[PDB]
Amino acid sequence: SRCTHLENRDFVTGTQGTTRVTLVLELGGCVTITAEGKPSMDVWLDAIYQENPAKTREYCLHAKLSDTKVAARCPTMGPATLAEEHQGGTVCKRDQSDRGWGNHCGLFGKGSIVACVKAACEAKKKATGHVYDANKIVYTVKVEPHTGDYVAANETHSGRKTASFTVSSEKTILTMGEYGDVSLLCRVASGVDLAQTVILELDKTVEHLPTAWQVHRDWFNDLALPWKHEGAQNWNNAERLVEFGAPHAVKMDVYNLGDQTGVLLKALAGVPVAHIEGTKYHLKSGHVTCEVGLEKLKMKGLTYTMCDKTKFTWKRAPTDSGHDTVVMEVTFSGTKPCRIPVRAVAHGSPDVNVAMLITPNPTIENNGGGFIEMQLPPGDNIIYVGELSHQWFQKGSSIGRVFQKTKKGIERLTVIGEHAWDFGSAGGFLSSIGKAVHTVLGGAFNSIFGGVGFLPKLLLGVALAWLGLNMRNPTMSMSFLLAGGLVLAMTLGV
Amino acid sequence: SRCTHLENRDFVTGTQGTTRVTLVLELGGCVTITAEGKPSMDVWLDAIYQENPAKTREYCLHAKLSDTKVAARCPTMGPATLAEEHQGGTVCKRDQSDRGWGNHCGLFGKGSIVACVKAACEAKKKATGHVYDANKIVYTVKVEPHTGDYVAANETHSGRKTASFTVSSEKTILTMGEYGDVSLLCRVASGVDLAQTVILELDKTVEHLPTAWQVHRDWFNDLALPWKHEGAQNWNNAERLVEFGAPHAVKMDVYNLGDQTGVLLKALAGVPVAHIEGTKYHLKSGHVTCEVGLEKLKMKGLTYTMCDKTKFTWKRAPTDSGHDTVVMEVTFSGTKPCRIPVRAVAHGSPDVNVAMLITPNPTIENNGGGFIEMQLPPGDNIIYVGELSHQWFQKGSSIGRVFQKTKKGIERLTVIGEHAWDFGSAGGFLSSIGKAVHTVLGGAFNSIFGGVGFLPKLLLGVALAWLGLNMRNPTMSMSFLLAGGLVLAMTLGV
Amino acid sequence: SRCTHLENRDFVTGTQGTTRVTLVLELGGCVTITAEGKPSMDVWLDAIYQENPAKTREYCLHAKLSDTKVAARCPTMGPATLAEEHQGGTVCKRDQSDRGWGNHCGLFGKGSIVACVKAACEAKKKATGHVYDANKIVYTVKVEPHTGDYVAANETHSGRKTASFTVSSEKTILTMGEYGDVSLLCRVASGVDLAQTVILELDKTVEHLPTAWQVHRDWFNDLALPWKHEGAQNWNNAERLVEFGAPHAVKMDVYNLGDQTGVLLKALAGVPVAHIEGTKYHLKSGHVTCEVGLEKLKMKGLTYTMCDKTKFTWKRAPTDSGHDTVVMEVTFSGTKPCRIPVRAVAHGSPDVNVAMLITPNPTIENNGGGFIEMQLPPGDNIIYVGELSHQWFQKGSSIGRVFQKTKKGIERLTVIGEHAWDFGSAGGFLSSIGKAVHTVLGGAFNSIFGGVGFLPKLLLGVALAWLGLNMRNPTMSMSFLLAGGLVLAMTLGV
Amino acid sequence: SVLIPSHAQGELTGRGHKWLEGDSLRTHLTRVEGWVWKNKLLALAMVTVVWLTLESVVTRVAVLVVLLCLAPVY
Amino acid sequence: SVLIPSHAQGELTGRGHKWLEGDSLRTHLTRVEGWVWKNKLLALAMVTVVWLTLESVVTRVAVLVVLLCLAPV
Amino acid sequence: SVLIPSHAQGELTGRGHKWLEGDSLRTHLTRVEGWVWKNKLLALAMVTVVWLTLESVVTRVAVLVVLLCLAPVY
């Protein structure tokens, strides 16, 4: 199946007789959902995108200057003036210069000078920003059944099915041939917080650069650069990129601060990448919450006869997948449609079959089948397929597996936030309480420290720790210690 | 007299029997030399320059990339190898990436991948540094006789003379006609410290940007940018502008950090400007110490007859100068060669003459003119030229003049350091002790706090004052408090 | 019985309540398994080998240098460069040399110099590292019926049978002629850790050196020599063998540090030897845990009648074995097929028979005489074969036998480690507890002191003891001293 | 990443034109002001906690100054 | 002059490709360690001054930590 | 086994070219500093144990010097 390809994968099992299971799909991830007597499914989120989003204020990065003009008058007459000073698209400065008989004034002292220039952004040095509309965003989810066949990453799997969700059409049914029907419910209101994300374009034909960035809205609105809205002809605040030198008697210099691209791209350091492929603007990082209903699923070939035990052969020997699972591929030559008798035996025990199969009831069929994936307990084991056999030392330990999965859980919690509590739960009391406590505490923490640097956050944590330790009474001492500990813990964890 | 065209004018007065005087000549400044019985002189420094200076290593600011190549190998088949990795002009990086049956390999695990790209510098985006040679540098000093003519700043005075000093230059004499010879001896290598100055050229073609900068050598030699010398064909450390994304299974991306011109110009903020003219490289700052010999000067027209008291008229009425002096110009009708009778009296005391002329023995000549410059005491005065009379209120006060001179002395100390103790000095203990104490104290302070910066230096001053407060014993407590206060005061004043 | 040919031998007895037994066979060892109701068997591990294993890395031991180049530049100019600096297979260095008029330099000071040389390796002076593949390794086990005939070490015994275990193999049945069938299950990948060992090949055709060595992977990765992979053309880090002298004005010398084979062979002191045979790579140390099933083995010739007691004669009079047994050979001339009446009696009691026979039931047949190996208690005894008789004195004592077995046990435990608890194991508390505790404590100790030398280990032990004597009041002092003693003892006892 | 450090101020002097106005205490205070408006809630929190907990006026003033100066640069 | 402030680190996250590695604990530990190894003499001078002057273990730890963090300025 | 001892350094001197630089006090101190930087944690462990168990400053200095000098070889 597809989700053996990724570094990131997860497993969830429906408890005895459960009809549906809830998931949070993370873009660039996978979940394998399994239940007794139900065919195993791979479910993942493939794309989040919109066509021609809305625009927002557009910045400039490299100014082009023209028609420099200057005027000045002597040390006792009225201030100088230029017509361009009242027009649009011009930047001007007013200053005083020293003059005297040396340059044809009648008196010695401070005369007046004014300079003006015309400013327009260079051809391809704009920075456009876009925002998504919740009424138009498309989420695409894909589902794949565990047939007994394997296909590479550049090959078309015949069982792949697609469901596209908008704010309308929140629920869909997918039909999967012999395996039956599966139900998907995915409300977009639970997904990415669209109010706070902006897509930043720069120039998309520049090779060796990403096509777009996913910057934060508050950060985007604070940049000190020239800017305008779409269609307008005259830039606001060319002053930020045009600077003036000190004046001579009757002349004054206009300087251009140059292209800012290198400063901008250094500021964007930590921002996630986004993509553009035409009319379509893709996020490459996000998540959705869904409920999957399994009741309409059914097994294939459950009534077949067993294979001829002597006919099997390996096409690929068993190998470790890196997810604590073993993968195998078998070939067969007897009467074609039949059921494979795979099993595995632990050393030092009476031949009990201990394998847990991810692909249930494997079959061989006309021009298909043969792939197997299974989990074995730690230690020395033997694998049997009919008369064919192989050996396997399963590395690791039970406590190691528990720790590994706990670490994965902590990582998910810190990456997805409050929505992590909805992963794989049967709903109810524990999950609801966890989510409520998490959200109410996180809101306050985000309110007090949103946008602050990691170093100042750590520094305040240390200060609070010291001050609580030094506090004059126990209650306040503990309160300050707890506050410092909380800020330190969260800053170090994130 | 050119000295009237600028602020920063300095008056130096000798005494009868003074053979010669020492001056520190600065760009954008000038001195008028007055003597008890000899014509006044104008002396100033016009240019410090070299022709075709020697180069130093060039830096790139906008990388051009081409012909990316990528290769990879499976988790057990050893590291990847690519032909271009050993050539020149190429940037390469090798890393590990995940593999598995999803890709066309035998095992699941970390493989090897390597990527390379040809790097160059774009057509006109290279900063280049030049350094001066002490045996070729040229200083130009100019001297003007201070005749009674007046000439605008865009027009050439027929009497001024030029001295082009080099390391191979002796004491030189300038004739300047009837006024007699004047002598100059300028000590090259007494001025700008050429061992730590670099002229930075960015692109002399662009319109709205200064043509050169005078950066510090200790700052120029450490700079995170690709660099090479003039004759080399391939760049070193091109890896400073290219970046590489996290690898996929069989691909990884090459990124370009763009043009750095805007961050460079931001760093150069405080640097002084320089200039380029064809083959000539000019500084626009610096100073040189030079001795001027007045020995062979003579006054003109000493044997001429006195002009008629009548037959004068004004051409420009008396007006206030920028330097607390009065300037005027008169016309005469009659037999031309003669001496102007000029005097001034306090209102209500015609017996005493209070004028101090900057132009001794004013004359009118067959084709000359009647420019005059005077200093008068504060208050109400009358100016007489023959029988022409004019009233004049002289603003200011004696305390104000003393204050102005003291302030300018402080500024010269701030600008040229210990060399200030040589300005206009006849020698002796004041100059000797001042220069010795200044050089030693300044050397120590520069050794400790040379490159630390204003606000960090001020903060350390505050810390030192706090330490002096904290130290328990009163006497060194106070001494250290005084030390902290002194460092604070000096770092704030400079 | 091949067990007689070797210095090292071990006996294991199956009590009648058992039919399968656990062995850990050691390459170069040998074991006799016997049960009162079954014919005895000789089983040993013959070889561990692979064909054409993988190549990890290759080092070079004698650099070849060619086409030296050098260039220099004067102080006032940019550093020198050579094209060889940007090519494959070259090593280069740049430095500063003093120059002046004496070298046509034009100015006194430090210039620049650069030198380069092409580097390769001599035809036969490479060193190749090979690694095994767990899915291709072969273990050979051999079993011998203990026929009662005898043959020397350079002769082939008709009853000897072979088994070639691999990961593919499972429990195998060997048929042994009239004696029946025996079952073997060997657990490949439970023996030597293939992830830690590298087979190091220096050269095949040197007449007076071993063909291969076995070395540890952590050591082999840090050999600090020039290194490469098969098929790659240019060496990495030839700078480790080329060395550069200090420069003259315009010359620099390149030195070669020569052959390293001597220092390598001196560093390898203490590692096990390996072997190479055509395409096969053999280890010469290692072990395999196996379970051997004795059911369906049956006696030979129980139906025969007893021999003519008067006809026997000696062919090889009784002799003392190396393993505390007696060995003899008889000849007979009567009706050939018949059982040998062999017995022995202690001198103090003429009624009780005392012999214990390793041969299960000796008989003579049309071909093959009578070899007998038997055990007797310490003291004076008489051996009878029918009328033929001989007199024997058995050295040692029961206490000595117990002590010698204890020595054997300790030695095996020290050599093989954890697997010692499986030798002759049939489950049970003592065996299980021993293996568990040994695993835990041995792993803990190894993680701390793995790879550390004996002298540092002894010094740490002594220092810990001394610091315990020097330690503060609380009782934990004794534990500190005990820790030092423990590390010292565990270092000394091995 | 390319990291060009800002040129030192006091080592070079003259009377010709300078490229731009250098960094200064007024600039520092202006930047602090710009930061405070965006982070007012945390500003009030930091001022109130120290003003309440510490005992001496001068010490509180010093700590406030140090905190404000340190806040924006990172 | 125009100042484009650096983007906040933890406000926005996920599992896609990031642009470049932003300032983090690892980076700052590396910076302080390298700086100390660059300014050894000064580092030991400050450390010993504080350790000698300040009276209590916890306050010495706090002051040393803060100073080492701020040292690169 | 053949074991050629390292030539003594202090017994010969001159101003001509030497074959290859040998050991010296500064070289050993360089190796000590490099080792300490490589194994920071172990260095602090060794320092703290003795700082806690030995009361006399001179004794601590002596033991620390001995341990540091022996560290690179072991």
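Regarding how it was determined, this PDB entry cites cryo-EM in its header, along with a resolution of 3.3 Å.

(A) Structural detail: the packing of helix α2 (residues 40–53) of chain F against helix α3 (residues 57–70) of chain F. All names here are of chain F. Running from N to C, α2 and α3 cross one another at 155 degrees; their axes reach a closest spacing of 10 Å. On the basis of their axis angle, the class for α2 and α3 is roughly antiparallel. At the point where α2 passes α3, the crossing takes the right-handed sense. On α3, the residues that touch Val47, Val50 and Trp51 of α2 are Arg60, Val63 and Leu64. Residues of the contact of α2 with α3, tallied by class, amount to five nonpolar, no polar and one charged.

(B) Quick peek at the domain arrangement of chain A. All names here are of chain A. Domain annotation for chain A reports domain 1 (313–398) and domain 2 (399–493). Taken over C-alpha atoms, the centre of domain 1 sits 43 Å from the centre of domain 2. Each partner contributes to the roughly 440 Å² buried at the junction of domain 1 and domain 2, and carbon and sulfur atoms together form 33% of this total. Contact with domain 2 buries area across many residues of domain 1, yet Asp324, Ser397 and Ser398 alone supply 74% of it, more than any other trio. Across the contact surface, domain 1 and domain 2 share zero salt bridges. Our count for the contact surface shared by domain 1 and domain 2 stands at six residue pairs in polar contact. Residues that form the side of domain 1 that touches domain 2 fall into these classes: three nonpolar, four polar and no charged.

(C) Broad picture of the interface of chain C and chain B. At the interface, seven residues of chain C touch six residues of chain B. When residues of chain C are sorted by the area they lose upon contact with chain B, C:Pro79, C:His86 and C:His229 head the list and together hold 57% of the total. On the surface where chain C and chain B come into contact, there are zero salt bridges. Put simply, chain C and chain B have zero residue pairs in polar contact between them. Of the residues in the side of chain C that touches chain B, the class split is one nonpolar, six polar and no charged.

(D) Layout of the sheet that holds strand β31 (residues 388–394) of chain A. All names here are of chain A. Strand order in the open sheet formed by three strands is β25-β30-β31, and the pairing between neighbours is antiparallel. Only two strands of the sheet have a single neighbouring strand rather than two, namely β25 (342–346) and β31. Between one strand axis and the next, the sheet turns by 25 degrees as a mean value, whatever way the strands run. By the bridge criterion, five bridges tie β25 to strand β30 (residues 379–385) in an arrangement that is antiparallel. In the strand pairing of β30, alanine 346 is matched with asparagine 381.

What counts and what doesn't
Residues numbered from 1 in each chain as written, not as in the entry; some residues may be left out. Chains lettered and ligands numbered in written order. Heavy atoms only, no water. Axes fitted to C-alpha atoms, helices over the stretch in contact; angles between N-to-C directions. Helix = DSSP H or I, 4+ residues; strand = E, 2+ residues; numbered from the N terminus. Parallel < 35°, antiparallel > 145°, perpendicular 65-115°, else oblique. Left-handed = near helix turned anticlockwise from the far one by under 90°. Contact = heavy atoms within 4.5 Å. Nonpolar A, V, L, I, M, F, W, Y, C, P; charged D, E, K, R; others polar. Domains from an automatic or database assignment. Buried area = accessible area lost by both parts, 1.4 Å probe. Salt bridge = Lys/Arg side-chain N within 4 Å of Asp/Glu carboxyl O. Polar contact = N/O pair within 3.5 Å; in protein donor to acceptor, adjacent residues only side chain to side chain. Pairing = 2+ DSSP bridges.

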